[PDB]
Every structure is written in C-alpha cells, then in structure tokens.
RNA sequence: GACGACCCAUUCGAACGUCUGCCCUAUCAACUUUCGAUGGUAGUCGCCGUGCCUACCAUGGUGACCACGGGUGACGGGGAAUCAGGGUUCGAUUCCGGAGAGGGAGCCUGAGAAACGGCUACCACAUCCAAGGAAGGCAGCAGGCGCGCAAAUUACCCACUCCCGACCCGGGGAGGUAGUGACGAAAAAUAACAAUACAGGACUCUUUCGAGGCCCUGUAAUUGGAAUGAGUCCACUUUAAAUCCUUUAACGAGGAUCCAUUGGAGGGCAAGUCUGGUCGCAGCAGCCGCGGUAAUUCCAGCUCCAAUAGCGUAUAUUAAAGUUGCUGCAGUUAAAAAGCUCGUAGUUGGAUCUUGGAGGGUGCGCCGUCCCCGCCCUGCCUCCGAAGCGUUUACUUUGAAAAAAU
C-alpha cells in the first residue's frame, strides 16, 4: 500500500462482467486511466482477445494495436489496457467492422456490430453543465468529453448526440416522463424501457421508475439511468433482445424450444 | 490408415494476416500424427503450403484414435515472420536463436554496474 | 423459566449466560488459558524431553504391578514430568539421559488406569518409535 | 483450486442390520468397498435434502418452480427418476438402487456383453467398452438415457476386432516357432 | 513406595516360545474380496434356522 | 515519418468527516487538564477540516445503557469447519482494508514515500583491515543456523498471465514451469469367463426308498481358451525447451505372484463359550474390568471381524451435550431460592377512541375444483399534476444501494 497509485489488478478482484476465467494467472488487465471509470470499462485487450477472438496471446493483442488496426471513437488508440466503454465505437478497418459497446441484459459489454454509418456518432449523457473561463459555458458527458457553447436548453441528465469526427453536439434529448432509457448499472443493468417516474429526494438519491415494452416495472438510482431516445425510437442500435430481461424459466423455455429441432 | 484432417471453427483474421482454426485429426485406431505430417496435410486444403500453416496445442484424446489441436496459416510468409511468436518460427527449420542460459548474462550486467559509466570496460571483463 | 421474557431484555439474558458459562470447566479452562499457563506440555500435543531416571511405580489397588515410567525434563520449559513406558520390556529401550517424545494419555490431562500420577506416555526414542523398536522393525540405533 | 468431499460415513458404525444391507448392495453391485456404498448413501442424502427443501416452498414460487423443475429434469435425464415422480413429491419417496442401477458395470451385464457384474468391472477398467466414440474406463460412469444404445466394445480390443491379445498373440507364435520350424 | 524391582521386566515376552509365521494363501483384491465376503456371508449364507451359529467357531 | 508548458475538468486515487456492529475482565467503579482534559475566540500551521499548536477566556466532557483501567493462543473483514431448526467454534494464511521491514527517531527527493533491495544518528547485532579506516541488514526467492510437534529446489523461463520503461523489440524469484509433497480432496489396479469335477437348496415325480430338475455358488482339479496397465519402450504429443498426464508399435499376469495394509475379536463393540505358553507375573485395560494353573480379555499362532491405498495414535476444538439449555435446564429432599423487607437503576405494566359477482395463477375430461382481488348480501389542505407534507417512532411490507472468490 500506502504511498501511491495501484498498478496491478489481482484477477478475481477484476469486474465479473469481463468474464475472465478463474485459473490462467493471478492478474487481470487493469484499465489504464481514460474516458471511462475502471469498473465500467472494457480494456481493448479483453475486446480483441477475450470477446472477438482475434488475439490469443496478450503478445498478439499488442502486435495488432501497434499496426494501428483499431480506432476507438475515430482516433487510433494504441494502448493494451485502454478503458473503452458505453457508447464507444471501436472500428477495425482492414476487416470492415464497426462495433458499439452497449450492454447485454446480463450486464455484459455486448459484441454488437453497427453499420459503417452510425459509427460516426455516439450518444453521451450530460454529467455537468458549466460556466467555464471567460464566461463560456460547457457540458461534460459521461465519456469525459467537454464541449463548449452548448445550447442553453441542455441540462444535467439530458443526453446529447455528438458528431465524432469533430466533437460537436448535433442535437439532444430532454429527460422527461416517457423517454426511452438504457440502464447502465446495478441490478437492472441492461434493461431498456420508457420512464414513468422520477422520485426526487433532497439531500440525495433520485430513483427512476422504469417500465419496459412488456409492462415490466423496476426502479434504479438516477445515476443509473441513461436516455437514448423516444419510446419505440432508440437513437442507436439496440443489441438483440432489446434489453428485455426474461425469467430463468422463460429463458429455459426459449433455449430448449429454439433447438434440437426448431431451425 | 488414411487419417483425415478436419479444420473446425475457422476464422479469417486479416489484422494478423492469417486464417486460424482448430485441427481435428482422426487416426481411427493407432495413435497419432506428426506435426510435420499435419502441416503438410493441411498445406493442401487451404491452398497455402506448409511454411504458412503453423500448428500447435494438441492432445490425443482418451483411449485412442483422435487428436485435437490448433493451426494458423499465414497470408504472407512475411506476415507470419512478423506476426509470428519467435519461438514458433524457431521450432521449424526457419527460426533458431541464442541462449544463455540467463544468469550468466545477469551476472555480467551486475558486474558492469560497479564501474562508472564506461561499462564497455565491464563488457571486456565478462 | 427463571429468566425474564421481555422483548427488551436481551442484555440481561445475554449477560446472565456470560456469567454462568464459567462454571463449565472446558469453557473456563479455555478462557483462562490454563493450557498455556499451568500445563507441562505447552498447549501443544506432544513434547520432547531428556530421561532423568527410571521409576518402577506401584499400581493402585485393587491392581498390583510395577508400572515402569521414566522421569523426563522437557526441553521446552525445563519442566519435570514422569511418563509411562508402554508394552513388554520396553523400558529396556530407554536409557538415562535419552531424549524422548511424550504424549498425552488421551484422558484430558487426567492420569490413566491404575497408573498413579502419571499423565503422559513415551512414543519415540532413537528418535525412533518404541513400536518399531518393540517389534524389531528398527533398532536402538547407535 | 476449490474441492469437496463426495461421501459421508454413517453416524454409527456397527448396526448389523445396516451392514448386511450394504453387503447385499456390494454383491448385486459388483461394488468394491463400503465407501463405494457410502459414496452413494451420501449422494442420495443431499438429493433428498435438496428435494425436501423445495417441497416446503410454495408451488408457482419462481424459486420453487425454476429449481424444482430443474432438479427433476436432471434426475430424469439420468433415468434415475420417472414423471409422476418427475414431481418433488415423488423424489421424497425414492432410493439408492435407483442410482446404483445406472452405473456402467451393471449394464455390461444387463445386455449379455458381460454376463456378470464382475466381468463387467474388469471389462470396463480394461478398456474394452466405448460409449460411442469414446472408451470409458470408469466402472463408476452413469449412463444417460439416450446414451444407453451407444455402449459397445471398442474399436480395438480384440473383441471389437483387432489382431488378438498381447497374450493371444503370444500363443499364435507359441505354435509358430517350435511346431512350424527351428 | 517404589523401591522394589524390575528384574522381571519382559519375562513373558522372552519366555513365550516364538512361533513360525507357516503360511499360506493371499486373500483377494478389493472388490473381489468384498464379493467373496458377500457370497460367503449371504449367498453362502443360506443359513439354517439352527437357532444360529458362528464365524470363528471350533467344534 | 521521427516531448514540454499554464489553467480547468476527467481518470486512477489520496487525506479526513457520518453512523451502526467488536473478545475477556468489577479480585478494574468513578475517570479525564497546568506538559489541553471538554468549549469559546483569534491567529499561526497543514492540501485542507480540527486544541494541530498557541494566547486569552470559560470549567468543561464520560460513566451501572460498563465508561476509565487491565488482560489477550486479538490484525480486522469476505470467508472456514461443525449440518434438525436454533446454533457452536475459527479466521495469521491465494481477496479486500490496515500495519511493518534488526529496534527507535529524523529527513531528502518527488505529484505520490516519513521508503529502509534511500539515507542519517543513536541503540542492539554482525563484518573486513596492512588497525588508520571501511563497508551491512532474507517478516523478497532459494538455501543455512537456532527453535521446536511441525513444514520442500542453493533447479528452468519471461512463452502463458500481467506490470513497468524511451519500450511492439528490453527487463521482471511478479508470475508461469518442473523437483519435494499420503495437509487434504477426485478417479480406483493388485485379477474376469466356461468346462469336467464335485458340495449343496426352493421346483417336480414317487406310498416311501429313490430319481429328474432351475438357480447356480463355492472348491479343487488343472484345463481351456478369453483379457489390461503398473513397469519397460521406437515414435509422437505436452511446452519457452522439457517432464508427467492424456498417445502407442515391440515387451509386460498360472500364483512361490507384477506378493495390501492397519487396528480389533470379554462388555460398550462389529469378532475365538480357540491351541501352545505363562499364573493378579509380564502385560491388557479411555471406562467397567481381565490374569492368584481347564485365561473366549495377556503373549504368540490359527482363525475371524472392520475400515481398505489407506489405517492406527496424540491434541486443539466441534458435534453428540436439552452436561450452559433463545428455541430448550435445574434449584422441597439430588449440586442450587439471600433470614427478612424497603428500594434506585433496569426490566415489566388494565380496560377504552374506524363501522354471491366476476379479473388472474395448475389440475382433472365446453364444463368445472382450489388461492388471489375491488364489492355487495378510509390522507387532509392547499385550490390531474403540482404543491403544501407529514404527529413522532419502533415494527413490518415493497424497492433501490448492495465486491469477486466463496
């Protein structure tokens, strides 16, 4: 300990949702410092060699990266343990694949190919909205991108379509009763749904009652709610499953029925 | 007794210049098969040639007559020679290289540390 | 029922129990750390010492025999202890100034049988196992 | 590196009545030791305990439904259990033979291809038995339902074909060197 | 209260005329031996209702 | 095609601050401050809060709801073991948080250290010396001494897993890899099938004698064909390279083996109403008890039992133990109601304030049976939302927040 920043991760003390095995070694990658908090991220190495199967070694993951093969949000990233995350793009070119890091209904970064457009833009949730220096205002998104001069409607918890080459917000969505939502943490991590209610507490802690396209209702902390568009009208790709969440029995019913017969 | 080399789970992996797949080798009833026989035999299914089809892993199963492994076949012999683990290239008659075995070298370096800069001095001393 | 029954009265019940636990001998022994403090063996299971002398001890009635123990100074704490030497003629095998591995009876610290004030038994000499010695698997090395 | 024990000994140790019972089981069931039985008395007690818990739960109770049905389906795949059973109320009223009956050893008897729970175990432990592409030497196995049909001698053990036997082949060359020539 | 002697220590062990080991058979490997036990005990083992009998009897 | 900088945010953090939960002890009952104990007020200090420190000024703060003091086979937790249920005990130790690197104290650098594979003093230890000097800290990896009941190689590699650096390229006793390894856990070999040969029992036939007969087990007699790795071994696999496993040509099972053990056989307690020997001797025996001349307890064999690649023994502790008793103890006489009453804390407290008809789950062959629900035979006010907004709670109920391993 106690004099400085930790540089190692004991594997096992890594986040479950990477789904690294128990045996293999002692240490997991441990996310570099970056645009996404370490728990809530997906080090490229895990993406290249743990989800996509392009790499075997970590030696290979590096060999891939140094080529420049891979861009995150458009701008070649060359670090093994780069902390990619929710709403990130990731583009492997000489292979033609665009993927958006967005959740399972398990709560696992999903392998989700997106079109060669779309790859252009990402939706960021506003975290803070700011009068910076010289009297300029700025918004700050989840992914740690600061955009100056935003339009005055935009308020904390709203979301915001960023261009991506250029930065540049190219509109927005208000947080209001009835907006489509993505759940980014906690028990309900991955469930998508409309809203219904925000219960408000002074001092601390606002809950958001969500209802899914199945009249399934649930709550989380406001911190955990991300706005992604208008009911039935997401502003991004959703992964197969539309973040639905099915009981372990329903889940069994689908698994045996779709196959050992049903094509 | 004929064999049969079967390549399961294929991936075309451009960003490392090679097609990577499992190798499933039936040998019905004896055991086995040479790594060299396997690379020769594969070389002719993927239209590639031996020296681009590295092969590794491998464990004959339980009781006899099968062996599952893993193979790679590289699009440029250059691309292999560079994407390549070095120990892999060494294994067949194209790569070999220097040993030590390691503590002789560490000892050399620690001897060198004593001596102010120069150090080349320490090289002539080792 | 000798014991309040109020929803509140956790503290009285909890504490009344703490007070009576003492009478338990196993409990008290453990809390007073007696095994560390009084006992010849440390609070360990076995203990090795040097043989001072060989005793023929006078088995209690209604039994009648000469028992055959050694007196041993435990190296660990110089404590003086007498230990039984089991089986037929096995004294034979331990000599004065010997060394020996001693162990409890299996009585909880309470002497065994007719054998009076002896609470331990020899197990090894020749570092070498009375059993292996008695059988003649192994010898009185030297 | 996690590990667990697979058997449990009985509280008590000398109850003629229990000992006889176990011996009859070893005999019918070409078993090797008491542990061999104890291992199953243990397997069963946990199943029964699993069952009993479940049976105390409300029916329809997502926890009772989801895990009850699973325990049953698992118990049926192995033939251990049957449908009306195939509810929890019936596993409660079940027993050890029902498991013991599914091991290799007794099957290789049960269709001629051994004629002894005996013969069976030495056959199995000696590599002359595949469960369809795979030799299985574990007289201890547990033959799954739709796997019952695929059990047969192996591709090379002699029956199963393949020359003779390191001892049969000795005998062929046993009538060869002397009685043929010098 | 101790005084006394040991002269006699080991008197019976040393007076007990040694016996051969003799010999004979191997008894059987694991499960096979269990099998012989089960047939001798239970198959064998038919028993009579003789009001019982024994395992290590003479005449 | 080959890094700096200012300021802000970010990320990894840091440092402090909230509560609520900790072992034993009263043969520890009052404690804490003139070397600040508790508070005011202002400053100095610190990254910053703060008696941190200092002045002045108050005289506080804590305690039977166990403070204070002392003790400790106390690092704390996730966890582990023991399974009715309740519980009972452990936790140094693969993770998290905290602490230290001979003992003590100080400090430099740097964003981060009060760092010891930095330094510096003393203190305790040890070393070299040509005797003036000079250099050191395995609670890092191996190894060694001492200690003990007790614990492995002075071995190989950065290929895996990851880390660091100027770094794809180097470096890593992190870590992997082999060796030792009955903590302990999994799989489970040391021999299967006929035949004669026989030894036998339910079945049938017969008045009986007697004979047949199915199911077979032994038990020899050897046969007779039928078998597999344990070893050994071309080849090949494993992998950084090897080993072993998992792979196999050539070999490898007639018993005298390719040879299974460790405790028990009087009771509890499974198994000698033995044979030789001894004669309350040697020994056995947790306990009860055996042995003093027909010893089923000994000492040996023979024989048999039990657990079985394991088994005995000692010991901490747990279960058993409703012998610590919540659940769920006893106290007239068995171990145990104070001689009696008052009585504070604590505990404990009377009655009495609102009253069929269909919707949805799974069984049985369009019919119904059996739950569950708003009903029949109850937030006010502000003036649908919003807001006002709560009389306090405990309780219980429904959510979120809830490390992974386990």
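Please read every residue number as a count from 1 along the shown chain.
The header says X-ray crystallography, 7.0 Å.
Note that Cβ sites are derived from N, Cα and C of the backbone, with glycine treated the same way.
According to Swiss-Prot:
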- D:60: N6-acetyllysine (MOD_RES)
- D:87: SUMO2 cross-link (CROSSLNK)
- D:102-176: domain 'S4 RNA-binding' (DOMAIN)
- D:110: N6-acetyllysine (MOD_RES)
- D:133: SUMO2 cross-link (CROSSLNK)
- D:147: phosphoserine (MOD_RES)
- D:149: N6-acetyllysine (MOD_RES)
- D:157: phosphoserine (MOD_RES)
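The structure, with features from Swiss-Prot marked on it.
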| residue | record | contacts (Cβ under 8 Å, 6+ apart) |
| --- | --- | --- |
| D:60 | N6-acetyllysine | none |
| D:87 | SUMO2 cross-link | D:68, D:72 |
| D:110 | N6-acetyllysine | none |
| D:133 | SUMO2 cross-link | none |
| D:147 | phosphoserine | D:131, D:132 |
| D:149 | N6-acetyllysine | none |
| D:157 | phosphoserine | D:127, D:128 |
> In the domain 'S4 RNA-binding' (D:102-176), how many residues does DSSP put in helix, strand and coil?
Replying inline: 25 helix, 6 strand, 44 coil
